[PDB]
Amino acid sequence: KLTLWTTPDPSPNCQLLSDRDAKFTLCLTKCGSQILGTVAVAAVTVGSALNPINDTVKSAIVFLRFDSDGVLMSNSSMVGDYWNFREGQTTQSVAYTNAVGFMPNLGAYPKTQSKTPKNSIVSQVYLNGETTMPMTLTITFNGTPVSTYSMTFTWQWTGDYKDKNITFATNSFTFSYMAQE
Amino acid sequence: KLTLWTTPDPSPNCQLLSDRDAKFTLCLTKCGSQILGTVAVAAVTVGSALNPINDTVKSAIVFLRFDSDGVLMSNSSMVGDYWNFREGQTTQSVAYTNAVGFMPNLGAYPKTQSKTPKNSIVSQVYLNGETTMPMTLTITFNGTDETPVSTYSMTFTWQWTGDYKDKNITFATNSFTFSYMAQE
Amino acid sequence: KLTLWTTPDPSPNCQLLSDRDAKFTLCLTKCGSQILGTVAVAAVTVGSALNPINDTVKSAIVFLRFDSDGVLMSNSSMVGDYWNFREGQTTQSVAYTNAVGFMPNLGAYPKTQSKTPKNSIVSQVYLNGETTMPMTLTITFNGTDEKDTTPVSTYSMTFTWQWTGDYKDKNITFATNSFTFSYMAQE
Ligand SMILES: [Ca+2]
């Protein structure tokens, strides 16, 4: 259908540092030629370098790699079990076979070895919504086996938070991009 | 309809510090699973610590509380007179009975949890569009821990640290774009 | 939901300082009462003051002027040949005659001589996606034209990038990250 999502309230479904150590929420809503996205992430397994932040790790990356049918590939940060077209508050029960309608346009965002600013959205965001804890979010489109499409979410910060008992978690963030078809 | 708004050019319709001391513009456009929003606010007419800014008050808050039908509740910052589905440049003449399609998803943004970071959007914006006057906007979904109790809520909090009393600046914002997952 | 765009991968189609010195990408998607936009720009002609940046110019402005039918007018930064409704990866072959559905609402964003913050979206962005090169983007709806221009625009959309950094000792091409925004449509 016109929504491809994690469900609105996913179980731990993402690796930042180790298996299913995070809840990654992503809703892609197809508005014809453009996808409207909202994304959030939270570390949930206690004792990782990001839960609480101990300052040994100052980035968190979620890599989504997609084959030529827009199907999530195994070498992605996120598990594909509940990455699917919407049905009510959950996902359709059968894995989708084609989501090229949700893939980032390869004309707008080409696969290249050159750093191309147009491939990315780069914004200042705030760790746990705290304006004293600035962070950068880079969303990059199409940045073995080789992926045909990709969507990468990179959070980076320079602050030291060790012994503030801060869990890595983000505010919801809105973005858009041109769809492949 | 698929648009729930204040009209594009509202009359003073909002309390920041006192009754109808502000024009709050909000357009919610239903794109299936997601609402696309654009918001702006200006202190107007009524003299106050925000008109002009005298540096005693360095936040402005608009609280929208909704019942289980997504109907605006009386204990909101904004008056409901011209909060309705679109008709041309104005609102339909009959008060809406259901806008649950526009309410923030209680799964995505669970209730009372203003402190769960996923419930909010937090962004750097600019007081009066002046890039020397940085400000934060926090949009919080379903944050409120209140009678009568709201089922859904949307809170807009502007905050800044600068001192502007000498500049005779009235509190006003740029238009700001956001989105959130809809309840249905 | 209808799309008015530059195509996703435009040829040089834009003046920042001189004719076709830039690639301006703009995709406007009509979501009923609101338009959803994504914009990017890159200077492409080598030897311009923005390619590489020589610090004589620390703003880049794209002015789009539209008549009462929402048709792009001659004195715009962008060429209109491939500004049109989407067909596949390109534009429909016939020039559109009406896009008022895509124009910024004159009630929300009036034409006035008074500076009105609500007419604009202002955000911090980063030159070439580099966080050490902070930049502002101002998107203004229905800003006033040059006083000596005729015919006058009914609608307008201005994109202003500004920065304070000096980059002449580097070899920086002016180019932006993709940027998402929305606005209330006229109809
Ligand atoms: Ca002139």
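The sequence lines fix the lettering, A, B, ..., with proteins before strands; numbering per chain opens at 1. What you see below is based on every heavy atom in this structure, not just the backbone, and it leaves out hydrogens, waters and symmetry mates.
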For [X], is it the side chain, the backbone, both or neither that has a heavy atom under 4.5 Å from a heavy atom of chain B?
X         : value
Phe141(C) : neither
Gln34(C)  : both
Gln162(C) : neither

[X] side chain near [Y] side chain, heavy-atom distance below 4.5 Å:
X         : Y         : answer
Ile121(C) : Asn174(B) : no
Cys27(B)  : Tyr183(C) : no
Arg86(B)  : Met184(C) : no

From [X] [atom1] over to [Y] [atom2], what is the distance, rounded to the nearest 0.5 angstrom?
X         : Y         : atom1 : atom2 : answer
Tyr126(B) : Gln124(C) : OH    : CD    : 4.5 Å
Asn119(C) : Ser175(B) : CG    : OG    : 7.5 Å
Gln89(B)  : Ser33(C)  : CD    : OG    : 11.0 Å
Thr38(B)  : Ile35(C)  : OG1   : CD1   : 12.0 Å

Begin from the C-alpha positions of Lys118(C) and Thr173(B) and carry the test side chain to side chain donor-acceptor pair (under 3.5 Å) through to its verdict.
-> CA-CA 6 Å; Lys118(C) 172 179 171 185; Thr173(B) 70; over 6 Å; no
Near [X] [atom1], under 6.0 Å, is it more than 12 heavy atoms from other residues, nucleotides or ligands?
X         : atom1 : answer
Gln92(C)  : CD    : yes
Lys167(B) : NZ    : no
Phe85(B)  : CZ    : yes

So which residue, [options], ends up with the most heavy-atom pairs under 4.5 Å with chain C?
options                                  : result
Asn128(B), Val125(B), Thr131(B), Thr7(B) : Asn128(B)
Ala40(B), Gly37(B), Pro134(B)            : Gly37(B)
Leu2(B), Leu127(B), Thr25(B), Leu36(B)   : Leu36(B)

Any sub-3.5 Å donor-acceptor pair from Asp9(B)'s side-chain atoms to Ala108(C)'s backbone N or O?
->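 Here the side-chain-to-backbone pair does not exist.
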Distance-only, no hydrogens or angles: does the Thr177(B) side chain make a donor-acceptor pair with backbone N or O of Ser182(C) under 3.5 Å?
->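 Side chain of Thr177(B) to backbone of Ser182(C): a pair is present.
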